[PDB]
């Protein structure tokens, strides 16, 4: 199925995602939208029976979601329901009510499945292979233990923002009564880990709060790293704030009644799991349901050296991948020939190779400032499987091709673990020289290094490359000659 729509009927909101499959492993999120139905509204005081008005709202919203799915020419519609519907004595009635109204066939999924799908997404679409997911929802909280890309255990707890809200916070009971309740369920988590994968809207909201609190330069939620110990106190503080204080931190109006109880869950879980680093995730159950279908024969895992966002990016903007692969190859050969001089850690080949593939991607938009554009595409769309540093490095190499990288760059200094300015100049220089030598259809290039002289061997004239040699920015005094 080329175009696949995924509908997620949660306890707090109703969400829709349209996925487009560009190649075997290539895909990208084509369209997203939401509705704040909150089908669980007022149900926790009546044994989880879905009330009449929320069901009417859910039907009206799900009917237009079906319309949206069809105008995108969807070949497959996967619809799932979670905690609030799971627990509802009248779940069958609501499922059949939706089918009669718009045709959608809701598939109620158990709390373990809900946890599994989240783990599948994080294990394939994040830049770390080991850790525990934390998917705080309206009615339940899921956790999936992941070790080296494989899911080793799963837990589902019956604590949730709207559940805690309607049980304790709307009755204005002391928070310690709501805190105790959550701890009693969190104790049922049989694992610990230094890493955490933050999943769900509540955590995306708290992630935005911190991104604002630290003036983060990169405006991408997926991959955002959060020191758990340093911010644990700040997260608990959010619980006791009034509505006006939450607005000043950036919390949307529609999250004001739920984020307080949400922060409380997250703070109790972070303490129990002994987390020290939480990575914000932008994917969850929705993406998991899709990946479970996409990677049916590959054990729900991507083959090694297969990144979905890198591939789909080339599928969308580089259908003719021939030129970009030669540039990448020459980047490796030069990196090796020059290794005695630059002594750069081999780990940056990863970033240099990708920069070579994508250096000219931006030409699809304009040949002028093309590298600027490619750097723009990279920083904003190269998400799955890359850290924010990985984007920054890859971004800068392409951006400053044939140019000198300034010393006051905001992105280059986003962290102390970033490579030196000399390393970036070295890498970008290599990229630049490679682009010049691949301008023609030259083959069998060989490079040799002497004390300080790079010698380029080839049977071709390489007239243009030779003419363009002055306009390269060298990292150090260096001589370049053509045999």
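Positions refer to the first chain, counted from 1.
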**Fill in**
Of 407 to 415 and 258 to 266, the stretch with the higher mean C-alpha B-factor in the deposited entry is 407 to 415
**Fill in**
Quick note on 76 to 84 and 169 to 177: per-entry mean CA temperature factor is higher in 169 to 177
**Request:** From the list 386, 234, 224, 377, select the residue with the highest C-alpha B factor recorded in the entry.
**Result:** 234
**Asked** Of the choices 32, 67, 441, 52, which one's C-alpha carries the largest B-factor in the record?
**Response** 441
**Prompt:** How does residue 27 rank on Cα B-factor within its chain, lowest, middle or highest third?
**Reply:** middle
**Record-listed C-alpha B factor of residue 448: chain third** = middle
**Prompt:** Mind checking which third residue 480 falls in for C-alpha B-factor across the chain?
**Reply:** middle
**Asked** residue 315's Cα B-factor: lowest, middle or highest third of the chain?
**Response** middle
**Request:** Would you please rank residue 420 by its C-alpha temperature factor against the other modelled residues of its chain and give the third it falls in: lowest, middle or highest?
**Result:** highest
